[PDB]
Amino acid sequence: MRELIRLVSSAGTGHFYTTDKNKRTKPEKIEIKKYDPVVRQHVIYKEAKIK
Amino acid sequence: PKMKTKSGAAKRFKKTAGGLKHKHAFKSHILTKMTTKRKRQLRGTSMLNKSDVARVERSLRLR
Amino acid sequence: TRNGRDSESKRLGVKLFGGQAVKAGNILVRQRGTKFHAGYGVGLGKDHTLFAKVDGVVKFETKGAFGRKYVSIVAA
Amino acid sequence: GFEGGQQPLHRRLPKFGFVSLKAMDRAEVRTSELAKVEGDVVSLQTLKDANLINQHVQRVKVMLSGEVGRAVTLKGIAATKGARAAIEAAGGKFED
RNA sequence: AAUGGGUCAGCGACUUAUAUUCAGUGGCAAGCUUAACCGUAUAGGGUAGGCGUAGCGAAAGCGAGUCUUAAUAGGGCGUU
RNA sequence: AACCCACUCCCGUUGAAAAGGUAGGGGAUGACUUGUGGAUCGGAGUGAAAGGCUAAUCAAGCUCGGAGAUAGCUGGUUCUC
RNA sequence: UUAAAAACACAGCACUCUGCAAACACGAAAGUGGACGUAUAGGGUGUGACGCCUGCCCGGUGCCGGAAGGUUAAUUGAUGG
RNA sequence: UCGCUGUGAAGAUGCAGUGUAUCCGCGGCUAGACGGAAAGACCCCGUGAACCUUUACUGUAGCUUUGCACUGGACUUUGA
RNA sequence: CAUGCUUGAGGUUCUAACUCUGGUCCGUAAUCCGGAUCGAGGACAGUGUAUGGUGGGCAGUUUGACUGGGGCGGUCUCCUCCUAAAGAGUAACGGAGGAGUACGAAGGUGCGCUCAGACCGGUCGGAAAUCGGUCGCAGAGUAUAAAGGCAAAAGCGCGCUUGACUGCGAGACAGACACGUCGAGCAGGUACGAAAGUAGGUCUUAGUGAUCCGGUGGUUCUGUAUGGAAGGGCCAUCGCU
Ligand SMILES: [Mg+2]
Ligand SMILES: [Mg+2]
Ligand SMILES: [Mg+2]
Ligand SMILES: [Mg+2]
Ligand SMILES: [Mg+2]
Ligand SMILES: [Mg+2]
Ligand SMILES: [Mg+2]
Ligand SMILES: [Mg+2]
Ligand SMILES: [Mg+2]
Ligand SMILES: [Mg+2]
Ligand SMILES: [Mg+2]
Ligand SMILES: [Mg+2]
Ligand SMILES: [Mg+2]
Ligand SMILES: [Mg+2]
Ligand SMILES: [Mg+2]
Ligand SMILES: [Mg+2]
Ligand SMILES: [Mg+2]
Ligand SMILES: [Mg+2]
Ligand SMILES: [Mg+2]
Ligand SMILES: [Mg+2]
Ligand SMILES: [Mg+2]
Ligand SMILES: [Mg+2]
Ligand SMILES: [Mg+2]
Ligand SMILES: [Mg+2]
Ligand SMILES: [Mg+2]
Ligand SMILES: [Mg+2]
Ligand SMILES: [Mg+2]
Ligand SMILES: [Mg+2]
Ligand SMILES: [Mg+2]
Ligand SMILES: [Mg+2]
Ligand SMILES: [Mg+2]
Ligand SMILES: [Mg+2]
Ligand SMILES: [Mg+2]
Ligand SMILES: [Mg+2]
Ligand SMILES: [Mg+2]
Ligand SMILES: [Mg+2]
Ligand SMILES: [Mg+2]
Ligand SMILES: [Mg+2]
Ligand SMILES: [Mg+2]
Ligand SMILES: [Mg+2]
Ligand SMILES: [Mg+2]
Ligand SMILES: [Mg+2]
Ligand SMILES: [Mg+2]
Ligand SMILES: [Mg+2]
Ligand SMILES: [Mg+2]
Ligand SMILES: [Mg+2]
Ligand SMILES: [Mg+2]
Ligand SMILES: [Mg+2]
Ligand SMILES: [Mg+2]
Ligand SMILES: [Mg+2]
Ligand SMILES: [Mg+2]
Ligand SMILES: [Mg+2]
Ligand SMILES: [Mg+2]
Ligand SMILES: [Mg+2]
Ligand SMILES: [Mg+2]
Ligand SMILES: [Mg+2]
Ligand SMILES: [Mg+2]
Ligand SMILES: [Mg+2]
Ligand SMILES: [Mg+2]
Ligand SMILES: [Mg+2]
Ligand SMILES: [Mg+2]
Ligand SMILES: [Mg+2]
Ligand SMILES: [Mg+2]
Ligand SMILES: [Mg+2]
Ligand SMILES: [Mg+2]
Ligand SMILES: [Mg+2]
Ligand SMILES: [Mg+2]
Ligand SMILES: [Mg+2]
Ligand SMILES: [Mg+2]
Ligand SMILES: [Mg+2]
Ligand SMILES: [Mg+2]
Ligand SMILES: [Mg+2]
Ligand SMILES: [Mg+2]
Ligand SMILES: [Mg+2]
Ligand SMILES: [Mg+2]
Ligand SMILES: [Mg+2]
Ligand SMILES: [Mg+2]
Ligand SMILES: [Mg+2]
Ligand SMILES: [Mg+2]
Ligand SMILES: [Mg+2]
Ligand SMILES: [Mg+2]
Ligand SMILES: [Mg+2]
Ligand SMILES: [Mg+2]
Ligand SMILES: [Mg+2]
Ligand SMILES: [Mg+2]
């Protein structure tokens with residue numbers, strides 16, 4: 001099925017977003033830009049683990 | 001003897017001048033599948049409903 | 001028997017009828033699809049809910065090609 | 001609290017907050033209450049010579065509520081910004 | 001053609017204590033009231049304590065404001 | 001035969017009797033019957049075993065306490081406008 | 001005190017345990033029974049004079065034997081944080 | 001303190017219509033008074049009770065394994 | 001290697017602890033019990049404490065509801081249609097079907113384009129492959145049931161992209177409560193477009209589980225004499241056929 005993952009901001013903040021992904025069809029990591037409330041810009045967010 | 005307050009009711013409701021405060025439910029876990037708007041609107045504090053005041057006040061020994 | 005199922009009703013239909021006074025943000029129709037189309041001064045939600053963006057009264061008119069039914073807001 | 005077997009409110013909502021032990025020794029005084037101490041001096045002991053505060057209070061703050069009667073001197077008692085201006089207005093000073 | 005009673009006389013079932021909330025009726029009033037205990041013992045003393053005069057916040061805290069928030073924007077609660 | 005038992009019919013069933021009687025019936029020197037005294041008992045005793053017996057009470061005796069146990073169940077609840 | 005029987009017991013048969021301070025049972029324990037007995041004895045279990053016999057299965061569950069190797073308690077306290 | 005046919009909490013001495021019938025005993029018989037007796041034992045219900053069973057759950061007497069204590073000397077094998 | 005100093009484990013042996021429901025002496029008039037002494041066993045056995053296994057021998061309990069009586073069978077939450085009487089709602093062990101997901105593009109935006117089917121002509125296919133022409137108007141398609149929708153197509157393709165954004169939120173719909181639904185507009189930063197603008201996921205309606213407890217990332221809160229720490233609070237988020 002789809003497994004819960006965690007997107008950690010590339011800035012120094014500890015802010016993160018949560019989503020799910022199909023780890024069988026798409027094994028490679030996600031590199032997406034999302035708004036970071038602490039620093040107040042859009043920055044690269046990188047996939048990590050939820051556990 | 002003195003009336004005994006319910007311990008679990010006093011940990012969930014606080015007495016203010018506008019009524020009784022409490023937090024919202026459905027916010028402990030299973031949060032990923034929830035809309036951000038829905039989680040944002042369950043974040044603050046709400047006053048007790050009109051039809052629930054009588055039962056809670058009796059539990060708190062306020063009436 | 002293998003039939004005893006059903007789902008809970010959704011309370012759809014027209015909420016404000018023609019000629020009623022409206023305020024901004026009022027819900028006019030709850031819909032599946034667009035039985036009615038958003039006229040002047042009316043917005044459409046993602047579940048096709050029609051809501052009032054301005055103040056006035058409901059009009060309800062069948063105009064244009066395609067024979068569509070429109071709900072608009074006009075000044076009283 | 002019984003509802004027939006349905007989950008009741010005192011078990012359906014979450015617990016929140018903690019109790020401040022630092023506020024046990026706290027008290028607040030209205031500006032209208034200042035003109036009740038004996039003479040021209042407001043201190044922790046002087047408010048206990050009257051019956052303004054309990055005998056276990058160690059910290060006192062003065063908030064603007066009502067008019068200040070006469071000129072008084074405050075001794076180690078905090079006041080709000082609005083309350084201080086009322087106190088200085090009626091000839092009273094603010095030291096310690 | 002469901003229950004109870006053969007009849008008479010006597011007895012026989014919403015009470016009391018302590019904590020409270022609302023209403024009526026009184027005393028004082030920005031203040032009201034004492035508890036144990038003294039006592040000339042239903043008086044008088046005893047104002048420790050309780051409630052009220054300010055709220056908001058989980059809290060530090062700030063205060064006619066305060067919390068949320070980057071925001072004196074909006075919104076919640078409170079204030080003549 | 002005595003004595004111990006209790007297979008059948010009838011009577012009796014408010015009985016003469018809270019388990020009998022009249023007729024018949026089985027054992028009757030034995031794993032017999034019986035007197036006096038004694039030992040084992042309440043989750044315990046005893047039982048050639050029927051869940052039988054333990055003072056007319058036994059799928060856990062009687063008595064006094066916890067005790068006014070608990071009863072979302074029946075019954076009742078007293079003068080007048 | 002509504003069932004006397006085809007039910008229980010029985011002599012005979014078999015399995016199994018027990019080397020004596022026996023197994024086993026009643027006892028917080030001392031102790032007592034077994035037994036002032038000693039494997040031709042004692043306890044438990046099933047079957048039930050006598051005659052002819054009592055066939056196949058050790059996969060399950062139990063019991064007995066084995067001890068190599070895997071797991072495995074209190075205990076110990078290297079190492080890291 | 002009658003019969004019949006209907007009605008009716010649905011099988012009537014007591015209701016409706018109708019028919020019969022002076023008042024009161026005694027000896028007999030049991031068709032009815034849903035006759036007397038026992039707050040149905042069959043059936044269902046109660047977040048009732050007892051006792052029994054087991055590879056239901058949680059425990060536990062008894063039996064058993066090992067560490068420490070009561071608990072010592074010597075020799076030998078053997079790992080750090 | 002040779003020893004020294006410990007210390008894990010095993011075996012043998014000794015007597016001196018312990019044990020004897022073995023003998024003979026005394027207390028003593030005594031098959032109890034003590035003391036003495038021979039004999040035997042012997043650091044074993046046994047008892048206390050800690051711990052693993054077994055343990056209906058014994059104990060306290062649990063073992064749902066609906067139901068044309070109970071039991072057996074079936075059902076129990078969510079979505080779509082009919083029943084449902086032209087606003088909403090509306091029951092039956094009434095009649096019919098689905099769900100307990102999927103997608104980093106199947107989302108956003110700008111630009112561009114229309115299907116199914118039929119007939120004629122055309123090399124291996126011939127009813128049906130790719131092709132050219134005419135008609136066709138949605139009889140196609142929509143990730144997934146059914147219903148309601150779809151030309152500004154909500155259907156199809158391409159380039160760039162991350163708005164599947166953070167804080168809110170006037171006003172409503174639903175509604176016993178706890179929950180649920182829609183949303184203009186404001187502030188921050190964005191993405192596509194020349195621009196007006198559009199974008200707070202997907203044509204819509206199923207794809208879900210409260211509180212307690214425990215874990216992980218932050219935190220100008222608190223922190224039992226004080227400074228810290230442990231613990232607690234707040235925000236985010238994980239673990240329930
Ligand atoms: Mg408490
Ligand atoms: Mg949730
Ligand atoms: Mg949390
Ligand atoms: Mg059905
Ligand atoms: Mg329905
Ligand atoms: Mg419906
Ligand atoms: Mg929109
Ligand atoms: Mg005081
Ligand atoms: Mg009668
Ligand atoms: Mg009856
Ligand atoms: Mg009845
Ligand atoms: Mg009655
Ligand atoms: Mg009667
Ligand atoms: Mg008054
Ligand atoms: Mg405000
Ligand atoms: Mg207000
Ligand atoms: Mg005799
Ligand atoms: Mg005869
Ligand atoms: Mg006879
Ligand atoms: Mg005879
Ligand atoms: Mg004979
Ligand atoms: Mg004798
Ligand atoms: Mg006795
Ligand atoms: Mg008993
Ligand atoms: Mg039986
Ligand atoms: Mg007796
Ligand atoms: Mg008896
Ligand atoms: Mg009691
Ligand atoms: Mg009673
Ligand atoms: Mg009754
Ligand atoms: Mg016989
Ligand atoms: Mg008999
Ligand atoms: Mg028998
Ligand atoms: Mg034998
Ligand atoms: Mg037999
Ligand atoms: Mg036989
Ligand atoms: Mg084998
Ligand atoms: Mg076997
Ligand atoms: Mg073995
Ligand atoms: Mg007559
Ligand atoms: Mg009739
Ligand atoms: Mg009749
Ligand atoms: Mg009558
Ligand atoms: Mg009549
Ligand atoms: Mg009449
Ligand atoms: Mg007669
Ligand atoms: Mg007779
Ligand atoms: Mg009769
Ligand atoms: Mg009767
Ligand atoms: Mg009764
Ligand atoms: Mg009854
Ligand atoms: Mg029965
Ligand atoms: Mg139950
Ligand atoms: Mg119940
Ligand atoms: Mg012995
Ligand atoms: Mg001796
Ligand atoms: Mg010796
Ligand atoms: Mg030993
Ligand atoms: Mg040992
Ligand atoms: Mg031991
Ligand atoms: Mg031991
Ligand atoms: Mg059992
Ligand atoms: Mg049991
Ligand atoms: Mg068990
Ligand atoms: Mg048992
Ligand atoms: Mg109990
Ligand atoms: Mg039970
Ligand atoms: Mg249960
Ligand atoms: Mg039932
Ligand atoms: Mg049925
Ligand atoms: Mg029926
Ligand atoms: Mg069933
Ligand atoms: Mg309708
Ligand atoms: Mg209608
Ligand atoms: Mg209904
Ligand atoms: Mg289904
Ligand atoms: Mg699509
Ligand atoms: Mg359709
Ligand atoms: Mg077009
Ligand atoms: Mg409404
Ligand atoms: Mg641009
Ligand atoms: Mg722009
Ligand atoms: Mg729990
Ligand atoms: Mg400290
Ligand atoms: Mg901390």
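Here is how names work: the chains are called A, B, and so on, in the same order as the sequence lines, proteins then strands, and each is numbered from 1. Because only heavy atoms are used, hydrogens play no part in the values below, and waters and symmetry mates are left out as well, while side chains stay in.
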Practice problem: Give a yes or no on whether D/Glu38 atom CD has more than 12 heavy-atom contacts from other residues, nucleotides or ligands under 6.0 Å away. | Solution: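 Counting other residues, nucleotides and ligands, CD of D/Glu38 stays at 12 neighbours or fewer.
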At a heavy-atom separation under 4.5 Å, does B/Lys27 approach chain D through its side chain, its backbone, both, or neither?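 Neither; nothing under 4.5 Å.
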Strictly less than 4.5 Å between heavy atoms, which residues of residues 59-88 of chain D line up against chain B? Please order them by number.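 The stretch does not come within 4.5 Å of chain B.
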Close approach to chain B in residues 8-17 of chain D, criterion heavy atom under 4.5 Å: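 At a heavy-atom separation under 4.5 Å, chain B is reached by D/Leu9, D/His10, D/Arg11, D/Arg12, D/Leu13, D/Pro14, D/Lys15, D/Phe16.
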